[PDB]
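As structure tokens, the structure follows; a few thoughts come after it.
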Amino acid sequence: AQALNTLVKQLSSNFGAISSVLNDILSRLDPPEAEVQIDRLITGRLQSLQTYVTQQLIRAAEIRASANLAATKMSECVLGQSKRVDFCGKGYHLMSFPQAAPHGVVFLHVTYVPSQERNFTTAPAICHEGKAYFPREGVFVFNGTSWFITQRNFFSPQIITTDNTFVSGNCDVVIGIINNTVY
Amino acid sequence: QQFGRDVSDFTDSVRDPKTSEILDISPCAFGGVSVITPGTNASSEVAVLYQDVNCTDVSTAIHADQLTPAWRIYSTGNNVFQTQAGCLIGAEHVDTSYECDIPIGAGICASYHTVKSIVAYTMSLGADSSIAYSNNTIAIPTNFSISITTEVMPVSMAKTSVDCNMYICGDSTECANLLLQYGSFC
Amino acid sequence: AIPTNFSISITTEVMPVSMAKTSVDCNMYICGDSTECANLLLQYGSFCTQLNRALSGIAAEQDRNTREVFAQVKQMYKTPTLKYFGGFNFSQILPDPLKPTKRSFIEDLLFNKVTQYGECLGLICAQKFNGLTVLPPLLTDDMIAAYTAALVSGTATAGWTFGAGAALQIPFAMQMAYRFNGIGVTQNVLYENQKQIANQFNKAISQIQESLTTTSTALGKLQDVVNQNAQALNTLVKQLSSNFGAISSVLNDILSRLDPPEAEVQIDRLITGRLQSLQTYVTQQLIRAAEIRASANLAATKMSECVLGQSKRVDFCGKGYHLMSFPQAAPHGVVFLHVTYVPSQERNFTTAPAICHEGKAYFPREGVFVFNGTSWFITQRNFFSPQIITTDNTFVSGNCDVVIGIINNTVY
Amino acid sequence: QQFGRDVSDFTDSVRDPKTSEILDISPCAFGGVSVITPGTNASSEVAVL
Ligand SMILES: *[C@@H]1O[C@H](CO)[C@@H](O[C@@H]2O[C@H](CO)[C@@H](O[C@@H]3O[C@H](CO)[C@@H](O)[C@H](O[C@H]4O[C@H](CO)[C@@H](O)[C@H](O)[C@@H]4O)[C@@H]3O)[C@H](O)[C@H]2NC(C)=O)[C@H](O)[C@H]1NC(C)=O
Ligand SMILES: *[C@@H]1O[C@H](CO)[C@@H](O[C@@H]2O[C@H](CO)[C@@H](O[C@@H]3O[C@H](CO)[C@@H](O)[C@H](O[C@H]4O[C@H](CO)[C@@H](O)[C@H](O)[C@@H]4O)[C@@H]3O)[C@H](O)[C@H]2NC(C)=O)[C@H](O)[C@H]1NC(C)=O
Ligand SMILES: *[C@@H]1O[C@H](CO)[C@@H](O[C@@H]2O[C@H](CO)[C@@H](O[C@@H]3O[C@H](CO[C@H]4O[C@H](CO)[C@@H](O)[C@H](O)[C@@H]4O)[C@@H](O)[C@H](O)[C@@H]3O)[C@H](O)[C@H]2NC(C)=O)[C@H](O)[C@H]1NC(C)=O
Ligand SMILES: *[C@@H]1O[C@H](CO)[C@@H](O[C@@H]2O[C@H](CO)[C@@H](O[C@@H]3O[C@H](CO)[C@@H](O)[C@H](O)[C@@H]3O)[C@H](O)[C@H]2NC(C)=O)[C@H](O)[C@H]1NC(C)=O
Ligand SMILES: *[C@@H]1O[C@H](CO)[C@@H](O[C@@H]2O[C@H](CO)[C@@H](O[C@@H]3O[C@H](CO)[C@@H](O)[C@H](O)[C@@H]3O)[C@H](O)[C@H]2NC(C)=O)[C@H](O)[C@H]1NC(C)=O
Ligand SMILES: *[C@@H]1O[C@H](CO)[C@@H](O[C@@H]2O[C@H](CO)[C@@H](O)[C@H](O)[C@H]2NC(C)=O)[C@H](O)[C@H]1NC(C)=O
Ligand SMILES: *[C@@H]1O[C@H](CO)[C@@H](O[C@@H]2O[C@H](CO)[C@@H](O)[C@H](O)[C@H]2NC(C)=O)[C@H](O)[C@H]1NC(C)=O
Ligand SMILES: *[C@@H]1O[C@H](CO)[C@@H](O[C@@H]2O[C@H](CO)[C@@H](O)[C@H](O)[C@H]2NC(C)=O)[C@H](O)[C@H]1NC(C)=O
Ligand SMILES: *[C@@H]1O[C@H](CO)[C@@H](O[C@@H]2O[C@H](CO)[C@@H](O)[C@H](O)[C@H]2NC(C)=O)[C@H](O)[C@H]1NC(C)=O
Ligand SMILES: *[C@@H]1O[C@H](CO)[C@@H](O)[C@H](O)[C@H]1NC(C)=O
Ligand SMILES: *[C@@H]1O[C@H](CO)[C@@H](O)[C@H](O)[C@H]1NC(C)=O
Ligand SMILES: *[C@@H]1O[C@H](CO)[C@@H](O)[C@H](O)[C@H]1NC(C)=O
Ligand SMILES: *[C@@H]1O[C@H](CO)[C@@H](O)[C@H](O)[C@H]1NC(C)=O
Ligand SMILES: *[C@@H]1O[C@H](CO)[C@@H](O)[C@H](O)[C@H]1NC(C)=O
Ligand SMILES: *[C@@H]1O[C@H](CO)[C@@H](O)[C@H](O)[C@H]1NC(C)=O
């Protein structure tokens, strides 16, 4: 809108000519002096087009830069599930919804947000049978009643078995091994 | 040597041709003006920023009526401060921090706060919080929530076209004949 | 060939995020305060408005670029006193609170190796005879360092959680344990090789410190944006002294000698030549500012993906497998410290795709069949560590003697 | 009043000097031209937009 208003308003600029109207100059002046001053107007009006055309070329590049971003971001998140951090929404991305717009696109990014965090005392491994038992997944926690293994995305207890715990290296190697008995 | 020049072509310093004293020249004052407003709805007073000036010459030129432009109803109002941006006039200094509402420059912002009036303050980055450190404990999330956030980005543009003779000529015959001497510039 | 030993290495990357905000005033750059000059630029057009609006828009998006990169922090967190987290010495990356300029010792060296117009510093707010000015940024350098100190102190005591969401209290060896697992290796190795990892970490810290103490390069991205904006202004200054095909370069030598009828002819040609150089400078800054946002869009990605997370893309955040990333501040730019993982010291042996045992073909759930001349076992592709071939870790399906390369062994 | 103007300074409506019948003025006619072809390999006939 501002690009077209500038292209419009400089039709009425004199650009140092006798007027900004070619009809005034054809009527008032002699065909030598008329032809000079309308030539002064024809080059001021060409420069106003060239400036407008150039700044359309710049913003046509930036919108293509976002359109190539949106065509990617639709394929990444609408047509799938993203795994990049904070791409397609803040948190943990689940899915996203495209919505049309008069000159663009509006996304609706569905994210997961954890909360309600609680203290649990932790340690790397369990020293059972003289063996440093490392968790196959998750970390070791003690909630004040039981030692067990849970994830870090959410709190959920699991009984410490050899199916979710394994050993690489014996004891007295890792600093801070749990001295507990497991199954 | 009679006078000195700057790194441009301007003579920044002259010697007195009478008593040989060496005198710098300062380009008395100019700069831009911005208008700091709460909006026409929320108030009717505005604050002006005289950009990149010493407030000694600004407050002088207000009272000495040496300003261009000048307003018929205008006053300094005892609220003038020299920041790195220049002379904010029409706003009270606040020496605590808040979040940036309207950005001014060099970390200082402004808003329309309770006495409401226009006040100037320094931007805060956030809360003075802390992340404790343990060698033994891990905080683990238990409950949760979901949230849907929207974002928005253009993918197109109002594509135009411009005819030359309805723009540079207005369909006059003489303009079309001069246009032949510029070629197919159109 | 499967690697056995390893080392960690910290490779740095830089990029610009910011062009210096400029502004100009034709009334001063065009005229030098001649009134008749002001009365002949009108008669051309309020082009002055388009210029002022163009430069302020280019300038205002430089403050947007800086907040988009740095200001990803919701709360300012304090500097902990303990900095030898399990031996990991973090005194160089953190700001030094004993100094008045509470910057990191890296950022001290980053400032020094990086570092015509009116400007105001302190507070001596001087002006120039030219119409040029530079504008100070909204987000000051101390505030830039305060975002940067929260990104490092927050990573040192909350780690993976710091960017993922609410920052969670966690020991730093536990933070390593989740990060080192995430690249496809077993987290025993960190506890097994802790002092080796702690020394290799502190090695590459001092390597970067001595590299940036004695450097002549690797900051060419930052200084080029400084120099390219400086050479645009010097061209804009020096063309004031040109006649532009008029009788004189000074308006008070034109109106002096010539009578005011023909003086205004020569004044028009001197104004018009000064308008075009002013208009072209705006277009040149308009192109260069659009260039820098592509680096600012990279830095906004590369902070939230790499510092506030862990990156799994190829050669993103240095070469190797990414573990951590420490941001540092720079004039008109950012500095990253990417801690990557490098496997090393490979050995030959013979491998196989399948084992025949009791008429069926057995396949690894993950890893390869490894025969070192003595016996067969399973290990991973990123570290050499034996696993006895049992049906717990070897997936059993299909018949023997169908796949190319099924070898008679025993699976227990 | 004698005549009207647009949102920009172009006279779009003139009140008649004789009858005072006010009359809008539109542009006379202009625009762009495009040509549809299936190719010189396929035909010699074109359609014009
Ligand atoms: C806005 O412009 C005004 C113009 O008057 C300017 O005020 C002047 O600033 C200078 C710089 O501070 C002042 O000069 C100093 O004044 C103090 C007290 O008056 C003296 O103690 C100083 O003497 C010491 O400092 C000198 C330089 O540091 C030494 O060379 C000297 O040997 C002394 O050790 C010095 O005279 C000057 O007095 C004021 N003028 C007035 C009227 O106040 C102001 O600084 C500008 N604004 C800003 C923000 O800079
Ligand atoms: C993978 O390769 C790395 C190579 O970096 C290798 O780590 C190195 O192991 C050796 C031996 O274990 C280390 O050498 C010792 O390190 C300690 C650490 O403080 C030093 O104190 C030692 O110096 C004493 O011992 C010397 C020999 O007895 C004496 O001559 C001397 O006077 C001292 O009394 C000695 O240097 C070496 O430091 C590490 N390297 C690092 C960076 O830690 C690792 O073992 C390889 N791993 C595998 C699985 O191949
Ligand atoms: C984990 O977080 C969850 C939230 O994300 C928790 O679920 C919430 O639990 C609370 C109680 O602790 C419920 O609050 C009650 O809700 C009823 C129903 O409110 C609705 O209906 C009324 C009337 O139509 C309407 O006015 C409201 O706006 C609601 O639409 C109220 O009547 C009660 O006064 C009380 O507020 C929440 O409703 C419930 N949320 C949901 C989505 O069900 C969950 O309990 C947490 N778990 C743990 C272990 O902390
Ligand atoms: C720390 O975590 C452990 C689990 O890892 C918690 O122990 C659990 O306590 C609940 C108490 O309600 C037990 O639930 C009940 O179990 C009986 C027996 O099966 C069942 O009949 C009931 O219907 C009910 O589900 C649960 O079994 C028990 N789990 C284990 C493995 O012991 C412990 O309470 C936690 N500590 C604190 C302070 O909360
Ligand atoms: C110039 O002005 C004169 C007078 O102001 C106009 O003449 C009058 O015009 C009105 C309507 O325009 C005529 O009324 C009509 O008369 C016809 C026949 O007389 C009848 O069929 C209609 O029903 C209506 O009554 C009026 O007679 C006429 N008077 C005279 C003396 O001519 C004239 O029209 C104006 N010029 C133009 C171009 O409009
Ligand atoms: C962890 O538990 C083991 C037992 O499983 C402890 O080992 C005992 O250590 C003492 C000396 O420290 C010996 O006298 C015992 O003979 C050991 N027990 C066995 C069965 O051999 C070990 O000390 C415990 N660790 C800690 C820190 O208490
Ligand atoms: C961690 O690194 C810091 C340097 O950043 C070490 O601090 C230096 O220690 C020496 C020995 O006394 C002093 O002479 C230096 O002045 C210290 N540097 C600073 C900036 O104060 C520190 O010793 C290292 N940690 C360990 C455990 O060695
Ligand atoms: C190949 O790897 C195997 C491990 O799976 C090595 O076998 C063990 O070697 C140690 C000492 O070298 C012996 O104490 C064990 O009894 C061996 N176990 C088995 C199951 O053989 C073997 O040594 C490696 N080959 C070579 C040449 O070192
Ligand atoms: C692995 O052992 C099997 C034994 O079942 C071998 O299979 C025999 O191969 C011979 C050919 O050399 C055939 O004549 C037999 O009929 C096969 N036996 C069965 C039960 O089909 C197999 O050759 C061995 N692999 C290698 C490489 O020698
Ligand atoms: C966890 O412990 C810390 C101090 O040890 C305390 O500040 C925090 O409030 C505790 N959080 C919970 C959920 O108990
Ligand atoms: C001008 O004359 C006065 C004495 O009449 C003297 O003090 C001064 O120095 C002279 N000026 C110069 C430039 O010599
Ligand atoms: C204007 O301000 C009033 C409060 O005085 C508020 O209720 C109203 O919504 C505002 N309207 C707009 C358009 O901002
Ligand atoms: C672990 O931290 C506690 C305080 O939080 C401290 O007293 C103890 O010495 C630490 N453990 C080690 C091995 O330093
Ligand atoms: C492994 O063998 C290949 C080819 O046989 C050779 O390139 C390489 O040097 C060997 N490496 C070792 C460690 O023996
Ligand atoms: C297109 O032109 C080629 C000659 O270049 C001709 O052989 C062919 O037949 C033409 N296509 C059709 C559909 O006639």
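A note on labels: chains of the structure tokens are A, B, ... as shown, every chain counts residues from 1, and ligands are counted from 1 in their shown order.
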Worksheet item: Residues at most 10 Å from ligand 13, using only C-alpha atoms and all ligand atoms? Could they come as JSON, numbers by chain?
Response: {"A": [175, 176], "B": [133, 134, 135, 136, 137], "C": [85, 86, 171]}
Selected residues written out, C-alpha atoms, as a PDB file, in the first residue's frame:
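Output (result.pdb):
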ATOM      1  CA  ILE A 175      31.580 -42.902  41.444  1.00  0.00           C
ATOM      2  CA  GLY A 176      28.324 -43.224  43.372  1.00  0.00           C
TER       3      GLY A 176
ATOM      4  CA  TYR B 133      22.578 -27.435  41.817  1.00  0.00           C
ATOM      5  CA  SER B 134      22.742 -30.887  43.365  1.00  0.00           C
ATOM      6  CA  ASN B 135      25.140 -33.783  43.117  1.00  0.00           C
ATOM      7  CA  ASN B 136      22.398 -36.196  44.143  1.00  0.00           C
ATOM      8  CA  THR B 137      18.866 -35.137  43.101  1.00  0.00           C
TER       9      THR B 137
ATOM     10  CA  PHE C  85      31.333 -29.541  38.256  1.00  0.00           C
ATOM     11  CA  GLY C  86      32.735 -33.036  38.623  1.00  0.00           C
ATOM     12  CA  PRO C 171      23.871 -33.068  38.597  1.00  0.00           C
TER      13      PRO C 171
END
Item to complete: Show me which bits of chain C are within 6 Å of chain B, counting only C-alpha atoms, as a list in words.
Response: residues 75, 76, 77, 78, 129, 137, 138, 139, 140, 157, 168, 169, 170 and 171 of chain C
Keeping N, CA, C and O atoms, export the residues of the selection given above as a compact mmCIF listing (two decimals), in the first residue's frame.
# COMPACT_ATOMS: atom_id res chain seq x y z
N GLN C 75 13.95 -16.30 32.38
CA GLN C 75 14.33 -15.84 33.70
C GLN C 75 15.84 -15.71 33.79
O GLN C 75 16.57 -16.60 33.35
N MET C 76 16.31 -14.62 34.37
CA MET C 76 17.73 -14.46 34.64
C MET C 76 18.13 -15.31 35.84
O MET C 76 17.53 -15.22 36.91
N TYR C 77 19.15 -16.15 35.66
CA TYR C 77 19.59 -17.04 36.72
C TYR C 77 20.96 -16.62 37.22
O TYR C 77 21.77 -16.06 36.47
N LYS C 78 21.21 -16.91 38.49
CA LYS C 78 22.43 -16.43 39.11
C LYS C 78 23.62 -17.31 38.74
O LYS C 78 23.46 -18.47 38.35
N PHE C 129 29.42 17.98 10.96
CA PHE C 129 28.97 18.84 9.88
C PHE C 129 28.21 18.09 8.81
O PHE C 129 27.47 18.72 8.04
N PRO C 137 22.01 0.69 19.73
CA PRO C 137 20.97 -0.34 19.76
C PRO C 137 20.15 -0.25 21.03
O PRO C 137 20.58 0.30 22.05
N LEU C 138 18.93 -0.77 20.94
CA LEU C 138 18.07 -0.88 22.12
C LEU C 138 18.68 -1.81 23.16
O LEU C 138 18.89 -1.42 24.32
N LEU C 139 19.00 -3.03 22.75
CA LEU C 139 19.49 -4.06 23.65
C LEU C 139 20.99 -3.87 23.84
O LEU C 139 21.77 -4.20 22.94
N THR C 140 21.40 -3.33 24.98
CA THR C 140 22.79 -2.94 25.17
C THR C 140 23.68 -4.15 25.37
O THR C 140 23.22 -5.27 25.61
N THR C 157 23.70 -25.98 35.30
CA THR C 157 22.98 -26.56 36.43
C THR C 157 21.61 -27.13 36.07
O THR C 157 20.97 -27.72 36.95
N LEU C 168 15.34 -27.74 35.31
CA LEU C 168 15.24 -28.73 36.37
C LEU C 168 16.60 -28.96 37.00
O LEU C 168 17.62 -29.03 36.30
N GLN C 169 16.62 -29.06 38.33
CA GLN C 169 17.85 -29.31 39.05
C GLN C 169 18.34 -30.73 38.76
O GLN C 169 17.57 -31.69 38.86
N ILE C 170 19.61 -30.85 38.41
CA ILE C 170 20.21 -32.11 37.99
C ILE C 170 21.73 -32.02 38.09
O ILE C 170 22.31 -30.98 37.77
N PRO C 171 22.40 -33.06 38.60
CA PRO C 171 23.87 -33.07 38.60
C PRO C 171 24.42 -33.08 37.18
O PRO C 171 23.77 -33.54 36.24
Closest contacts (chain B/chain D, max 10 Å, only C-alpha atoms) as a Markdown table:
| residue | atom | partner | partner_atom | distance |
| --- | --- | --- | --- | --- |
| B:161 | CA | D:32 | CA | 9.2 |
| B:162 | CA | D:31 | CA | 9.5 |
| B:163 | CA | D:31 | CA | 7.6 |
| B:165 | CA | D:30 | CA | 9.9 |
| B:166 | CA | D:30 | CA | 8.5 |
Can you write out the residues you just picked, keeping N, CA and C atoms, as a PDB file, in the first residue's frame?
ATOM      1  N   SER B 161       0.658  -4.840 -11.887  1.00  0.00           N
ATOM      2  CA  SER B 161       1.229  -4.549 -13.187  1.00  0.00           C
ATOM      3  C   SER B 161       0.989  -3.076 -13.454  1.00  0.00           C
ATOM      4  N   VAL B 162       1.863  -2.476 -14.255  1.00  0.00           N
ATOM      5  CA  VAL B 162       1.818  -1.042 -14.521  1.00  0.00           C
ATOM      6  C   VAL B 162       1.970  -0.826 -16.016  1.00  0.00           C
ATOM      7  N   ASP B 163       0.988  -0.174 -16.626  1.00  0.00           N
ATOM      8  CA  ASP B 163       1.112   0.240 -18.013  1.00  0.00           C
ATOM      9  C   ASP B 163       1.828   1.582 -18.060  1.00  0.00           C
ATOM     10  N   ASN B 165       2.053   4.079 -20.609  1.00  0.00           N
ATOM     11  CA  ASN B 165       1.476   5.275 -21.208  1.00  0.00           C
ATOM     12  C   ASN B 165       0.319   5.813 -20.383  1.00  0.00           C
ATOM     13  N   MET B 166      -0.328   4.964 -19.597  1.00  0.00           N
ATOM     14  CA  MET B 166      -1.256   5.477 -18.605  1.00  0.00           C
ATOM     15  C   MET B 166      -0.563   5.961 -17.344  1.00  0.00           C
TER      16      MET B 166
END
Mind listing the alpha helix (DSSP H) residues of chain A, per DSSP on the backbone, as a compact mmCIF listing (two decimals) with N, CA and C atoms, in the first residue's frame?
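Writing the result to states-v9.txt gives the following:
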# COMPACT_ATOMS: atom_id res chain seq x y z
N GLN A 2 1.93 1.26 0.80
CA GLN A 2 2.84 2.39 0.79
C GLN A 2 3.68 2.42 -0.48
N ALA A 3 3.92 1.26 -1.08
CA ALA A 3 4.64 1.23 -2.35
C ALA A 3 3.81 1.81 -3.48
N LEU A 4 2.50 1.58 -3.48
CA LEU A 4 1.68 2.15 -4.53
C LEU A 4 1.38 3.61 -4.28
N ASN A 5 1.27 4.02 -3.01
CA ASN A 5 1.01 5.43 -2.71
C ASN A 5 2.16 6.32 -3.13
N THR A 6 3.39 5.84 -2.95
CA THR A 6 4.56 6.59 -3.40
C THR A 6 4.59 6.68 -4.92
N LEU A 7 4.23 5.60 -5.61
CA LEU A 7 4.19 5.60 -7.07
C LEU A 7 3.11 6.54 -7.59
N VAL A 8 2.03 6.71 -6.83
CA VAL A 8 0.96 7.62 -7.19
C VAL A 8 1.34 9.07 -6.93
N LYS A 9 1.83 9.37 -5.72
CA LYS A 9 2.05 10.75 -5.30
C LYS A 9 3.14 11.44 -6.10
N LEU A 22 1.59 17.62 -18.10
CA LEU A 22 2.07 17.77 -19.47
C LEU A 22 1.14 18.65 -20.29
N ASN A 23 -0.13 18.75 -19.90
CA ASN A 23 -1.08 19.58 -20.62
C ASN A 23 -0.81 21.06 -20.40
N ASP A 24 -0.32 21.44 -19.22
CA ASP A 24 0.05 22.83 -18.98
C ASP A 24 1.24 23.23 -19.84
N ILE A 25 2.19 22.32 -20.01
CA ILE A 25 3.43 22.68 -20.68
C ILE A 25 3.23 22.71 -22.19
N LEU A 26 2.39 21.81 -22.72
CA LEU A 26 2.04 21.86 -24.13
C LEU A 26 1.24 23.11 -24.47
N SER A 27 0.40 23.57 -23.54
CA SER A 27 -0.41 24.75 -23.80
C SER A 27 0.39 26.03 -23.66
N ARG A 28 1.23 26.12 -22.63
CA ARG A 28 1.85 27.40 -22.29
C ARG A 28 3.08 27.69 -23.13
N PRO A 31 7.02 24.91 -28.78
CA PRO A 31 7.42 23.50 -29.02
C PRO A 31 8.89 23.18 -28.77
N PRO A 32 9.86 24.14 -28.84
CA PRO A 32 11.15 23.85 -28.20
C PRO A 32 11.05 23.72 -26.69
N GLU A 33 10.54 24.76 -26.03
CA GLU A 33 10.57 24.80 -24.57
C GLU A 33 9.59 23.82 -23.95
N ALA A 34 8.50 23.50 -24.66
CA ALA A 34 7.60 22.46 -24.19
C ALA A 34 8.28 21.10 -24.23
N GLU A 35 9.01 20.82 -25.31
CA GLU A 35 9.65 19.51 -25.48
C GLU A 35 10.77 19.31 -24.48
N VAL A 36 11.41 20.39 -24.04
CA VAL A 36 12.43 20.28 -22.99
C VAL A 36 11.79 19.91 -21.66
N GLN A 37 10.73 20.61 -21.28
CA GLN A 37 10.19 20.42 -19.94
C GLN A 37 9.37 19.14 -19.83
N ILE A 38 8.78 18.67 -20.92
CA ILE A 38 8.12 17.37 -20.83
C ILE A 38 9.16 16.26 -20.84
N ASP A 39 10.34 16.52 -21.41
CA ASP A 39 11.43 15.55 -21.31
C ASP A 39 11.98 15.51 -19.89
N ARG A 40 11.90 16.62 -19.17
CA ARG A 40 12.27 16.61 -17.77
C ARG A 40 11.29 15.78 -16.95
N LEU A 41 10.02 15.78 -17.34
CA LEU A 41 9.04 14.99 -16.62
C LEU A 41 9.10 13.52 -17.00
N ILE A 42 9.52 13.20 -18.22
CA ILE A 42 9.46 11.81 -18.64
C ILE A 42 10.55 11.00 -17.94
N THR A 43 11.66 11.63 -17.55
CA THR A 43 12.73 10.89 -16.89
C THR A 43 12.53 10.82 -15.39
N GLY A 44 11.89 11.83 -14.80
CA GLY A 44 11.51 11.73 -13.41
C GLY A 44 10.47 10.65 -13.18
N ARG A 45 9.57 10.47 -14.14
CA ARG A 45 8.56 9.43 -14.00
C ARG A 45 9.09 8.05 -14.34
N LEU A 46 10.13 7.95 -15.18
CA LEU A 46 10.75 6.64 -15.39
C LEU A 46 11.53 6.20 -14.16
N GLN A 47 12.23 7.12 -13.50
CA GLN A 47 12.96 6.76 -12.28
C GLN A 47 12.02 6.33 -11.18
N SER A 48 10.83 6.90 -11.12
CA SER A 48 9.87 6.47 -10.11
C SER A 48 9.35 5.07 -10.40
N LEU A 49 9.27 4.68 -11.67
CA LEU A 49 8.88 3.30 -11.96
C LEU A 49 10.00 2.33 -11.62
N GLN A 50 11.24 2.69 -11.97
CA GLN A 50 12.38 1.81 -11.76
C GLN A 50 12.64 1.58 -10.28
N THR A 51 12.44 2.61 -9.46
CA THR A 51 12.55 2.46 -8.02
C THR A 51 11.46 1.54 -7.48
N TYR A 52 10.23 1.70 -7.97
CA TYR A 52 9.14 0.84 -7.54
C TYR A 52 9.35 -0.60 -7.98
N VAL A 53 9.81 -0.80 -9.21
CA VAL A 53 10.03 -2.15 -9.73
C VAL A 53 11.12 -2.86 -8.95
N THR A 54 12.17 -2.12 -8.58
CA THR A 54 13.28 -2.71 -7.83
C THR A 54 12.84 -3.14 -6.44
N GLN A 55 12.07 -2.30 -5.75
CA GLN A 55 11.66 -2.68 -4.40
C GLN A 55 10.54 -3.70 -4.42
N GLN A 56 9.86 -3.89 -5.55
CA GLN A 56 9.03 -5.07 -5.67
C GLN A 56 9.88 -6.32 -5.80
N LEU A 57 11.02 -6.24 -6.51
CA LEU A 57 11.90 -7.39 -6.66
C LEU A 57 12.50 -7.83 -5.34
N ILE A 58 12.72 -6.89 -4.42
CA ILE A 58 13.27 -7.25 -3.12
C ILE A 58 12.23 -7.97 -2.28
N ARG A 59 11.03 -7.41 -2.19
CA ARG A 59 10.01 -8.04 -1.37
C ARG A 59 9.45 -9.29 -2.02
N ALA A 60 9.60 -9.43 -3.34
CA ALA A 60 9.27 -10.71 -3.96
C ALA A 60 10.28 -11.78 -3.57
N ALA A 61 11.50 -11.38 -3.22
CA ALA A 61 12.47 -12.36 -2.75
C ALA A 61 12.18 -12.78 -1.32
N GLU A 62 11.82 -11.82 -0.45
CA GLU A 62 11.57 -12.14 0.95
C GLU A 62 10.34 -13.01 1.13
N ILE A 63 9.31 -12.77 0.32
CA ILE A 63 8.10 -13.58 0.43
C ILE A 63 8.34 -14.97 -0.14
N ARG A 64 9.17 -15.08 -1.17
CA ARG A 64 9.58 -16.41 -1.62
C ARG A 64 10.46 -17.09 -0.58
N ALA A 65 11.19 -16.31 0.22
CA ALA A 65 11.98 -16.89 1.30
C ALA A 65 11.09 -17.44 2.40
N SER A 66 9.95 -16.80 2.65
CA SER A 66 9.03 -17.35 3.65
C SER A 66 8.15 -18.44 3.05
N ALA A 67 7.84 -18.35 1.75
CA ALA A 67 7.02 -19.37 1.12
C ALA A 67 7.77 -20.69 0.99
N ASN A 68 9.08 -20.63 0.76
CA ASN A 68 9.87 -21.84 0.80
C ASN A 68 10.04 -22.34 2.22
N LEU A 69 9.98 -21.43 3.19
CA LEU A 69 9.99 -21.86 4.58
C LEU A 69 8.67 -22.53 4.96
N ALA A 70 7.55 -21.96 4.50
CA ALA A 70 6.25 -22.51 4.88
C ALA A 70 5.96 -23.82 4.17
N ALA A 71 6.42 -23.98 2.92
CA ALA A 71 6.23 -25.24 2.22
C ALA A 71 7.04 -26.35 2.85
N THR A 72 8.20 -26.01 3.42
CA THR A 72 8.95 -26.97 4.22
C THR A 72 8.23 -27.26 5.53
N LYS A 73 7.84 -26.20 6.24
CA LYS A 73 7.31 -26.33 7.59
C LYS A 73 5.95 -27.01 7.59
Worksheet item: If we count only C-alpha atoms, what is near residue 1 in chain D at a cut-off of 12 Å, once residues fewer than 2 positions away on the same chain are taken out, given as a ChimeraX atom specification?
Response: /D:3-5,13-17,20,22
Would you kindly report the residues of chain C within 6 Å of chain A, using only C-alpha atoms, as a short mmCIF file (atom, residue, chain, number, x, y, z; two decimals) with N, CA, C and O atoms, in the first residue's frame?
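Dumped to result_30.cif:
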data_model
loop_
_atom_site.label_atom_id
_atom_site.label_comp_id
_atom_site.auth_asym_id
_atom_site.auth_seq_id
_atom_site.Cartn_x
_atom_site.Cartn_y
_atom_site.Cartn_z
N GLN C 43 10.58 21.09 -4.55
CA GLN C 43 10.04 21.04 -5.90
C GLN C 43 10.45 19.78 -6.66
O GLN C 43 10.00 19.59 -7.79
N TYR C 44 10.96 18.89 -6.40
CA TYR C 44 11.23 17.49 -6.74
C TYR C 44 10.26 16.53 -6.06
O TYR C 44 9.72 15.73 -6.86
N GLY C 45 10.06 16.58 -4.74
CA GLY C 45 9.14 15.67 -4.08
C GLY C 45 9.54 15.38 -2.65
O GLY C 45 10.72 15.48 -2.30
N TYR C 191 31.38 -42.52 32.86
CA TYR C 191 31.83 -42.84 34.21
C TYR C 191 33.15 -43.59 34.17
O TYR C 191 33.99 -43.42 35.05
N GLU C 305 18.25 -24.84 18.55
CA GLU C 305 18.43 -26.25 18.26
C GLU C 305 19.66 -26.82 18.95
O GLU C 305 19.63 -27.94 19.46
#
Discussion item. Would you pick out the contacts of residue 116 in chain C at 10 Å or less, using only C-alpha atoms, so that residues sharing its chain but fewer than 2 positions from it are not included, and give the list as a list in words?
Written reply: residues 6, 7 and 8 of chain B; 118, 119, 128, 129, 130, 131, 132, 133, 230, 233, 234, 236, 237 and 238 of chain C
